[PDB]
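Read the single chain below, which is given as structure tokens and is the form deposited in one PDB entry.
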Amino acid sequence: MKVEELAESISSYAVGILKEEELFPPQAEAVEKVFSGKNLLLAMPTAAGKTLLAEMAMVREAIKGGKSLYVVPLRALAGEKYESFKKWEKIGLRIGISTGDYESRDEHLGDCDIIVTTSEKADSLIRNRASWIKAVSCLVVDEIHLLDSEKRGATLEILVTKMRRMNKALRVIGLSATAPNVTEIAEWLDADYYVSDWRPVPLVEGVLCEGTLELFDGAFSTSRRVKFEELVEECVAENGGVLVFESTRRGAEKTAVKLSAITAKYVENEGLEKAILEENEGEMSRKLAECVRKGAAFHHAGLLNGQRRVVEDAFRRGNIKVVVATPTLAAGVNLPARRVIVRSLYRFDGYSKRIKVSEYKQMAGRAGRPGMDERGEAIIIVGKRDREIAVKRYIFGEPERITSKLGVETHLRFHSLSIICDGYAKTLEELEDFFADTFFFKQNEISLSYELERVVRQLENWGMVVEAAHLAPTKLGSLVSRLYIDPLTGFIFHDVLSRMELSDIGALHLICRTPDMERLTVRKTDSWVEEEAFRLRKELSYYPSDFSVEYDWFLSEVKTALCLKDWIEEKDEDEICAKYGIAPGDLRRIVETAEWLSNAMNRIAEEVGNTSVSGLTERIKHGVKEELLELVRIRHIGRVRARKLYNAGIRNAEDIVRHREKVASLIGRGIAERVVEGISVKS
């Protein structure tokens, strides 16, 4: 007994404490691979075995005295998978978590056996020369199939390549979904694999068309005439939970309100109607509360993260009979349900276009509650036209092959700078060797000298990289890389901010010009954005012609900045939302993005001498005018309580303490205490 048997027994004893309470992972062929120390690629329809299997590999690696870094594509998953690994703490394992949003202070992190983070975060931790990042022996990359994503793809390819180039003894384990070329991923990873299509709960896929649903169980079908609003009530009655995937927030909300009529006559939460209107109210939030009360609920990126968890939790508790969602919880958090309904195979992406088979297969895969249903259902609602595509290409078709997307100017540019800053390349030559270990190369055997030299020349002009004897980063480049922003973003900032100083909207708009920023949509009615931009024109870093074929992209930037302006000029949240035609989740998202960029704009601004943006970042973070900054730094003191106090003479921690009695009248007895309680600590 060296370490192999020990880990296996420990893993065994542990499986017993869980197998009694998540089911069973048959075939030790996989579990054998787990304790093989060799790189492994697990491909399985459900995340079921994938994670558990993955947990053992890290516990095993933990026991040998190594550290594993479990990488995820989403913040939520990082949490879910975090609170989940909180169990292996028993055996003396220290869990961790590091997002660009949240980080565990629970333990010294660099002393954890399992550090959970997000892909881009993991990449950033490297960029920012983390210390523990260099003591990671096992790298588990969950959702490795996202390698195909035009957005997330390249980062996974780069993350892995950098990691491997470092710890040549690093063990890479990638968990993936089913897909024709999974073995190609495995080959690229130099890893034994294990492909299965096993599901804890079998899944029958159907096709509703013209009042007729036809299931598909094995070789024989089962036709039946039913309407959509019934397919739900059937499953609602069995308290099985129904998932209805819609293509637009408008669709999601519409449906949820109708289905509520049905659910209403089955349950009444009313208690949840509260936890939804808690954080925010107004149009959307109201409509959502009125759905949750009647037992229904729509779910999209417009809801606040709070309203999000509320709905998810309640759906499991059975309080919420139906959840009508968009692409959000499609691949987000684990939400089981006996039934699942795709209302459409299309989606707007340029034009109404059918989603990838993968997308559908990935939606229907949530159909089937492990340990409650003897079978899971996934119905596709289609019309005369695509019925055949639905059945032949979707219900019985195979998922598209995972294709690399790293071969793009933007992505090459974005990552090359990083590779040059972190030391992996130092000549256009090594830079290519680096891209040779990519999942793009092992998929195309193509050379990238043309673009790579192009990309590098770009960075050369922008002054992020200099060629003295070999490729080397400038202070700006190292800063832009460490800041994890698009080099174009950093160039816009550096260029503009070294030639002029900006006001509020000026610097705000500067942020909305950047590629990294999210921009609001200008509509028929935002005629006031044009006039408003005209007026502010001398305060903007540039001003296009009405005739410019880019004027509309300009108004989009402006509308976004104007929204950010109203946010830091202390405007009401719902007023903001109703004004710019956006929802609370949207506002918080937009705002949160702007702060990250605002911070970068400012660090680039300081290095170049400009100081007209200082104070803006903190303002955006809190959504207040400058005078409230001292008050909002205080815990429990936001934009509303801050104004209430400031306007009453209380304008800082001291004034808050010396007048505790006035404070309590102004902001609340409860709060007031908590607030003061906090002052005293940091004091």
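Here the rigid core means the biggest group of C-alpha atoms that line up within 1.5 Å when the two forms are laid on top of each other. Just count from 1 along the sequence shown to find any residue number.
- In this entry, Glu21 is separated from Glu22 by 1 to 3 residues of the deposited sequence that have no coordinates.
- Remark: stretch with higher mean C-alpha B factor among 173-181 and 312-320 is 312-320.
- Averaged over Cα atoms, the B-factor as recorded in the entry is higher for 214-222 than for the other of 554-562 and 214-222.
- The entry assigns its greatest Cα B factor, within the set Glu573, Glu120, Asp486, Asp373, to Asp373.
- When the Cα B-factors of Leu345, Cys235, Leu139, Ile419 are read from the PDB record, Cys235 comes out highest.
- When all modelled residues of the chain are sorted by CA temperature factor, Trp567 is found within the lowest third.
- Ranked within its chain, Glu445 lands in the middle third, by CA B factor from the PDB record.
- In the PDB entry, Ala47 places in the highest third of its chain by CA B-factor.
- Ranked within its chain, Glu630 lands in the lowest third, by CA B factor from the PDB record.
- The PDB entry assigns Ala642 a C-alpha temperature factor belonging to the lowest third of its chain's modelled residues.
We do not show the form deposited in another entry, though everything after this point is about it.
- Comparing C-alpha positions between the shown form and the other one after a rigid core fit, one residue in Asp192, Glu150, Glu83, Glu103 moves 2 angstroms or more. It is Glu103.
- In comparison with the shown form, the Cα-Cα distance of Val31 and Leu6 decreases by at least 3 angstroms in the other entry.
- Relative to the shown form, the CA atoms of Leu139 and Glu8 are pushed 3 Å or more farther apart in the other entry.
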